[PDB]
Structure formats: C-alpha cells, structure tokens
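Just below is one structure, and these are the notes that go with it.
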Amino acid sequence: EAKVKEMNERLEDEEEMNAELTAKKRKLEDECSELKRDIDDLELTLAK
Amino acid sequence: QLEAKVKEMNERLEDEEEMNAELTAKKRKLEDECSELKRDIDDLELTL
C-alpha cells in the first residue's frame with residue numbers, strides 16, 4: 001500500500017517536472033532565438 | 001492486485017523520468033548555446 005502511494009506521488013511530481021523544466025528550456029529557446037537576431041541585425045547594419 | 005498497481009506505476013515512472021531526463025539534456029545544450037551567442041554579441045559590441 002505504501003509503495004503504491006509513494007509511486008503515485010512521484011508520478012504527479014514527474015508529470016509536473018515535465019512542465020517545469022520545459023518552461024526553463026523554453027526561456028532558453030526564446031533567448032537563443034533573440035540573441036541570434038541581435039547578433040544578425042547588428043551585422044546587418046554594420047555590413048558593406 | 002497490489003503488485004499490478006505497483007507495476008504500472010514503476011513502469012509509468014520510467015516513461016516520465018526519461019521525458020524529464022531528455023528535458024534537462026535539451027536544457028544543457030541550450031544553456032551552452034546561449035553562452036556562445038551572448039559571447040558573439042559582447043565581443044562584437046566592444047568596437048561600438
């Protein structure tokens with residue numbers, strides 16, 4: 001009965017850890033998109 | 001019955017824990033990529 005409840009809890013935690021770490025990941029995806037455009041557009045005004 | 005209940009939870013934990021394992025490995029490379037993109041800028045801005 002114990003290992004049953006214990007594994008229930010961990011499941012809810014892993015299901016939510018999925019959501020959490022992906023919001024962390026996403027913030028880095030967003031950043032890595034933006035930083036690239038800021039690299040590029042700077043050079044896109046610098047270029048000759 | 002309680003061992004069956006034990007089983008599909010152990011099993012589903014393995015699915016979940018690997019999704020979560022992926023999200024942190026995906027997270028690593030994105031931290032690293034952000035790193036170098038942030039570099040490319042801060043080097044380049046030292047002439048503006």
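Starting from 1 in every chain, residues are counted up; chains themselves are A, B, ... following the order of the structure tokens, and ligands are numbered from 1 as listed.
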
Interface residues on chain A facing chain B, 6 Å, only C-alpha atoms, written as a VMD selection string: chain A and resid 4 14 18 25 32 39

Coordinates-based distance that separates CA of residue 11 in chain B from CA of residue 2 in chain A (Å, one decimal): 16.8 Å

CA of residue 28 in chain A to CA of residue 42 in chain A, straight-line distance in Å: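 Pair CA of residue 42 in chain A / CA of residue 28 in chain A returns 20.8 Å.
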